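1. Sharing an experimental structure here, sequence included.
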Amino acid sequence: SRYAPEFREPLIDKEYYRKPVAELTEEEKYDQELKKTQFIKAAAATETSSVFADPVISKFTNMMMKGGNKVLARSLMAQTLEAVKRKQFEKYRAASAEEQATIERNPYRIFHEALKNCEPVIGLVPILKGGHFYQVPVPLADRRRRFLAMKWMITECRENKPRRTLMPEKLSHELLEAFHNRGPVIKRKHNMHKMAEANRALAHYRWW
Amino acid sequence: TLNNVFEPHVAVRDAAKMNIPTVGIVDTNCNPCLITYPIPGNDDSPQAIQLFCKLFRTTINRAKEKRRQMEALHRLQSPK
Amino acid sequence: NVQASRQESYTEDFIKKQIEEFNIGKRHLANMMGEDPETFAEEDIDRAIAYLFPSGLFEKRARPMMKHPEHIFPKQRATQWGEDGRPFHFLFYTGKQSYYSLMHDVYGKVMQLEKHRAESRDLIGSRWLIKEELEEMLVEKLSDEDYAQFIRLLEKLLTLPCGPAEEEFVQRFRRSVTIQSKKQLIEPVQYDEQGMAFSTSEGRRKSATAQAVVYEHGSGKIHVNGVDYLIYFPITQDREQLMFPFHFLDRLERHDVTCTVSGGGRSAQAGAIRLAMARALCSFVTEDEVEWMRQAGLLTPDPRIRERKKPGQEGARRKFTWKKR
Amino acid sequence: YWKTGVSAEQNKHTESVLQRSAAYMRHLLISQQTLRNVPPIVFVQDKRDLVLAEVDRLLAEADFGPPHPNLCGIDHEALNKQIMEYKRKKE
Amino acid sequence: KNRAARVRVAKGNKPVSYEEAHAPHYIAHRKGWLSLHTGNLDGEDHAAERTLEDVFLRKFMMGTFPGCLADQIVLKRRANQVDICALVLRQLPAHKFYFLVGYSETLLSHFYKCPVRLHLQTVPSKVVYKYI
RNA sequence: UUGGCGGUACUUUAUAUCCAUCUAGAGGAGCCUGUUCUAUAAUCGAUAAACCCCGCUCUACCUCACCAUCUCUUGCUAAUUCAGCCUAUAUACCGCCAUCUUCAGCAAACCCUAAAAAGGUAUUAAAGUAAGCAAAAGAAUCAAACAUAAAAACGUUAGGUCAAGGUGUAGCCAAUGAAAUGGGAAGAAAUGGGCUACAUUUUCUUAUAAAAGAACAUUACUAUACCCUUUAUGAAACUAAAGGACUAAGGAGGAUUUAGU
Ligand SMILES: [K+]
Ligand SMILES: [K+]
Ligand SMILES: [Mg+2]
Ligand SMILES: [Mg+2]
Ligand SMILES: [Mg+2]
Ligand SMILES: [Mg+2]
Ligand SMILES: [Mg+2]
Ligand SMILES: [Mg+2]
Ligand SMILES: [Mg+2]
Ligand SMILES: [Mg+2]
Ligand SMILES: [Mg+2]
Ligand SMILES: [Mg+2]
Ligand SMILES: [Mg+2]
Ligand SMILES: [Mg+2]
Ligand SMILES: [Mg+2]
Ligand SMILES: [Mg+2]
Ligand SMILES: [Mg+2]
Ligand SMILES: [Mg+2]
């Protein structure tokens, strides 16, 4: 890295800086005073104070990008969100007043609740004990649990789709199916959890 | 004459190797064999150490003063 | 039976002759350069030598020098005993007469304070002298354990009641700390022929360089290279990068910017403008806000630049395939 | 380290209790003169035990959903090609 | 291990001059260039001919002053003038140097068709930078 | 007693690294290229880690050192019963490097031991000490830092190179030397590396990587092969490029394995 270890990650929260001084906890108040005598990293090209920037969706975009084609990957995510909004508007208009209440037309809220439905609480680590490969039930961190949900989505759509279907049409159809706990990405989570019960007694081999 | 690990100070043997005479206070647990002029006595008490320090200090100053006087008397005789 | 050139220790007569030759040198160097010998100074000497003996060696220790002998010749500990052979200092046979002479003084001070019997922060923003600095004061070399013990003894002195004599003593072994000012330098505010206020600042991202000209009063009209910003930047992410400076300070639609970005690609040019606008926009915001910008990454130049390729490997870090065995 | 029963909740309470009396426990040993200079004491749970308990907590919370040549070690196929290739040269 | 132009370490009894002590990576950092011409500057011609002439000029001076050279020679080209600056030990009588200077200048001026001058600074003995 | 070893324990540990984690690849297909093998009248060297687009930042003649045929015998120089030799030995070497390695040691002068084959530390200090080389620092990437490069001793592998050049020993001198002409083939067989494709985050067109209109499985995606034309260099096209047809295989690659903070 070209940043020395003494550099601090930038804080790009607009409201945080403009809060009244008394509203800030003394711990936060102390850090701000310390940061005045430190070096701050430059903000990333994609780090902005925009009110429409969601870290979860921005991360999902980077996991789809191939060869640094951010314009294409962002376009694919923009087309997906729109394909989900247009799919719920059609259902909402073609539904009764009672049914209309339940229907969710926010694509950003369908994406977050979809991913969370696919996240697995426990995973598996492959281990070779006595020249035999065993996978031991592991408890997954918040970072490993989130990564696996996004990875499983980007892999079901990339591979298990018809040749002429497009990613905005497969991903939209999968975010909505996961949003209802019916999709194949949810089935992957159910299989992972079910296998952990099979290897329930083999967690002892853990050394880490 | 002992170091802080209860062993003879290295300079006792090294002063014998160089043929340097040694005046040492030697308590009951010490080894006086290589001390040229051993002085049996207490080495731990502050009042004992303070006495020896004064004796060695008064003695050395007297001997240095005597030399100054001895030189002046003999030197003065040369013109006189 | 080792045969190498011995240390050419410098006596006082030697250094004294080296100072007479230097004093005669200055009078000649002054006569050459047409300057007055009386006023000729060390700074003028270095300038004269650099003109008359141009050297382009990167290391400046290897360049020609005509310095006063004190600067060049290492000052050396003098003889530690007289003609009769009696060492001058009573702690000579310790081998560290100057380190132990100092530890003798501080231990005697500590004893008098403890026998004889307020806030101890008489000095703030100060540090203890580093081992290299202490060694110079004593004119001898110390170990890490020797330095650590000296500090522990000095700390004990501060803990105890200290008269003004002690405070002056510990002061000699305290070096003033300079806390670097990590605060932005505000730009000037020029005025146009029309009379409108505006500030200018440059920005650099990767190989792109920008020169923004923010105006105090505007409707949010940003023109890049004489073109609009929607036309110049057809990508949303590049426009979002131009929005970050103003949106952060809730100053959207209040300034008119004229940019000139040359070099780099689409993303590097937007980033370069972002920094240039943030630095120009400093002149029109409060100092609390300027610190708010600095702590959000808007005023730091990004040092990440393309790395060179290395011979013998595919890329800057990519290595050629390790062939199968 | 102290032995840790299966019940996670009780272990958490026991951990706090022991830790509060850590200073007094040290005093008791130092006072009795069994050990003259005892340093500060800590009470820790075996990480192996904690993980095994966590792998059980998450498992309960988790939802299981709705109800030939390479065997011997000689590449007989490759060796056949080497022999047939030699036979092609012979013939 | 790199071997180029590196005088290696022995037991601290090997005298080395300043030029010999410094390895190739110190060129332009601690020690300069022995030859100074304009043929390696950007957009300049006749580098090969300046380099070939230097190789010969160094072998010529070594043989013409056998055992009398304290250090490598320095070649300085200005316009069509060539200047050879050599540190030479004080072994030979003074009049012998005057013969070799007149001879080496005339011979090298009629061989390369340029004015060649020889500059000799006599040292009492080789100057030792360090013992390695 | 020292070192090496231990399917002997107990602690540290590796930072793109031993396991785990992450991304794109190799391993399958077609080509380009090296090596081996086969093989040719027909070079040489490199050839576990540390060879295998390696000496070559480069072989149509030349280059060339190889093979076949023909020819020359004081045969490049001022002189020389001399010229010349890519003849043998890198296990005689210089020169210039690989490797452990960005590893932390190497060597020399002293001093000490109820003798020493060796070893020599304790910091509230007990026999170790004062200097060199490496490291460090410094300099380079034209502010600053970080990073990257460079740097990296002494040894280890009789490591690589007598074919860069030079050179010790031995060998040829009407030939192992010099010159001319024509040749130096072949696989498709194993293997190393690379390139391209297998497509939908794709295919073609205009723009410019924004956007739009078409294409989208039997020949759609898709050959930098073979073949057929034209052009460039040259004396020579056997070479390279650009078009044209023609289509094959390829449907994301077993064991295993490379690189990246
Ligand atoms: K060699
Ligand atoms: K091949
Ligand atoms: Mg006693
Ligand atoms: Mg790359
Ligand atoms: Mg690895
Ligand atoms: Mg392959
Ligand atoms: Mg060989
Ligand atoms: Mg040929
Ligand atoms: Mg030929
Ligand atoms: Mg031959
Ligand atoms: Mg060898
Ligand atoms: Mg270095
Ligand atoms: Mg060998
Ligand atoms: Mg030869
Ligand atoms: Mg050979
Ligand atoms: Mg496009
Ligand atoms: Mg087609
Ligand atoms: Mg032609």
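-> Right, received. Where do you want to start? Numbering: from 1, shown residues only, chains lettered A, B, ... in the order given. Ligands and ions are numbered 1, 2, ... in the order given.
2. Only C-alpha atoms from now on, for both contacts and neighbour counts.
-> OK.
3. What residues does chain E have near chain C?
-> E:12-13, E:28-32, E:131 (C-alpha under 8 Å from any C-alpha of the partner chain).
4. Please identify which pair of those residues lies farthest apart.
-> E:13 and E:28 (28.0 Å; C-alpha to C-alpha).
5. How many residues are close by residue C:29?
-> Residues lying near residue C:29 (other C-alpha atoms under 10 Å in any protein chain shown) number 19.
6. For it, which residues are in contact?
-> C:45, C:48 (C-alpha atoms under 8 Å, 6 or more residues apart in numbering or on different chains).
7. And it, how far from residue C:283?
-> To residue C:283, residue C:29 is 50 Å away according to C-alpha to C-alpha, to the nearest Å.
8. Residue A:168 - nearest residue in space that isn't next to it in sequence?
-> residue A:80 (4.3 Å; C-alpha to C-alpha, 6 or more residues apart in numbering or on different chains).
9. ok, that neighbour - how many residues close by?
-> The burial count for residue A:80: 22, using other C-alpha under 10 Å.
10. what's the burial count for residue 20?
-> Assuming you mean chain A. Applying other C-alpha under 10 Å, I find that residue A:20 has 9 neighbouring residues.
11. looking at chain D here, not the other one
-> There are 10 residues near residue D:20, going by other C-alpha under 10 Å.
12. Just the C-alpha atoms of the helix or strand encompassing residue D:30, please, in PDB.
-> Applying DSSP states H and E as the criterion places residue D:30 in helix D:22-32. The C-alpha coordinates for helix D:22-32 follow below in PDB (Å, rounded to 0.1, in the frame of the first residue of the first chain):
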ATOM      1  CA  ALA D  22      -9.800 -12.800  41.500                       C
ATOM      2  CA  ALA D  23      -8.200 -10.100  43.600                       C
ATOM      3  CA  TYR D  24      -9.300 -11.600  46.900                       C
ATOM      4  CA  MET D  25      -8.300 -15.200  45.800                       C
ATOM      5  CA  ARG D  26      -4.800 -13.900  45.200                       C
ATOM      6  CA  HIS D  27      -4.700 -12.300  48.600                       C
ATOM      7  CA  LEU D  28      -5.700 -15.600  50.200                       C
ATOM      8  CA  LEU D  29      -2.700 -17.400  48.700                       C
ATOM      9  CA  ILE D  30      -0.300 -14.500  49.300                       C
ATOM     10  CA  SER D  31      -1.500 -14.300  52.900                       C
ATOM     11  CA  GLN D  32      -1.100 -18.000  53.700                       C
END
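13. what are the ranges of the helices in the chain?
-> Reading this off chain A. Using DSSP state H, the helices assigned to chain A run over residues A:14-18, A:26-35, A:55-64, A:70-93, A:97-102, A:107-118, A:142-159, A:167-179, A:184-198.
14. look at chain E instead
-> With DSSP H as the criterion, chain E has helices spanning E:18-21, E:47-64, E:94-112.
15. what is the orientation angle of the helix or strand immediately after the helix holding residue D:30 in the chain with helix A:184-198?
-> As assigned by DSSP H and E, the chain's next helix or strand after helix D:22-32 is helix D:47-61. Angle of helix D:47-61 versus helix A:184-198, following axes from the mean of the first three to the mean of the last three C-alpha atoms, to 10 degrees, is 130 degrees.
16. Quick one: residues in contact with helix D:47-61.
-> Outside helix D:47-61, the residues that reach it (C-alpha under 8 Å, 6+ apart) are A:121-122, A:137-139, A:193, A:196-197, A:203-204, A:206-207, D:4, D:6, D:8.
17. now do stretch E:114-132
-> Under C-alpha under 8 Å, 6+ apart, the answer for stretch E:114-132 is C:4-5, E:8-18, E:21, E:70-71, E:80-90, E:101, E:104-106, E:108-109.
18. burial of residue C:150, as a residue count?
-> 16.
19. wait, it sits on residue C:101?
-> No: between residue C:150 and residue C:101 there is no contact, the gap being 11.5 Å when judged by C-alpha atoms under 8 Å.
20. circling back to that earlier point, if any of the contacts of helix D:47-61 are buried, put those into a ChimeraX selection.
-> The buried residues among the contacts of helix D:47-61 can be selected in ChimeraX (16 or more other C-alpha atoms under 10 Å in any protein chain shown) with this line:
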select /A:121,122,137,138,139,193,196,197,203 /D:4
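21. Mind checking which of the contacts of helix D:47-61 land in strands?
-> Secondary structure from DSSP state E places A:122, A:137-139 of these in strands.
22. Please name the residues that touch the residue nearest in space to the middle of chain B.
-> With distances taken as C-alpha atoms, centre = their mean, the residue of chain B nearest its centroid is residue B:23 (4.4 Å). Neighbouring residues of residue B:23 by C-alpha under 8 Å, 6+ apart: B:35-39.
23. Just the ones of those residues in strands?
-> Short answer: the contacts of residue B:23 in strands (DSSP E) are B:37-39.
24. what's the burial count for residue 36?
-> No chain in the question, so chain A it is. Residue A:36 has 16 nearby residues by other C-alpha under 10 Å.
25. look at chain D instead
-> Neighbour tally, residue D:36, other C-alpha under 10 Å: 10.
26. got it, and residue B:43?
-> Neighbour tally, residue B:43, other C-alpha under 10 Å: 17.
27. Give the helix, strand or coil label for residue C:38.
-> Put simply, residue C:38 is coil when judged by DSSP: H, G, I helix; E, B strand; the rest coil.
28. Phi, psi for residue C:190 please.
-> The phi and psi values for residue C:190, taken as degrees, to the nearest 10, are phi -80, psi 180.
29. Residue C:199 is in contact with that one, correct?
-> Yes: applying C-alpha under 8 Å, one finds residue C:190 in contact with residue C:199, separated by 6.1 Å.
30. Of these two, which one has the most company?
-> Set residue C:190 next to residue C:199 and count neighbours by other C-alpha under 10 Å: residue C:199 wins out with 23 against 12.
31. returning to that earlier point: of the contacts of stretch E:114-132, buried ones?
-> E:15-16, E:21, E:70-71, E:82-90, E:101, E:104-105, E:108-109.
32. and residue C:41, what are its phi and psi?
-> phi -130, psi 170.
33. Relative to ligand 3, which of the helices of chain E is closest?
-> The closest of the helices of chain E to ligand 3 is helix E:18-21. By C-alpha to the ion, the value is 59.6 Å.
34. could you dump that closest one to CSV, C-alpha only?
-> Presented in CSV, the C-alpha positions along helix E:18-21 are these (Å, rounded to 0.1, in the frame of the first residue of the first chain):
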residue,chain,number,x,y,z
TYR,E,18,37.6,5.4,-4.2
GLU,E,19,36.8,4.3,-7.7
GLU,E,20,37.3,0.6,-7.1
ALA,E,21,35.4,0.6,-3.8
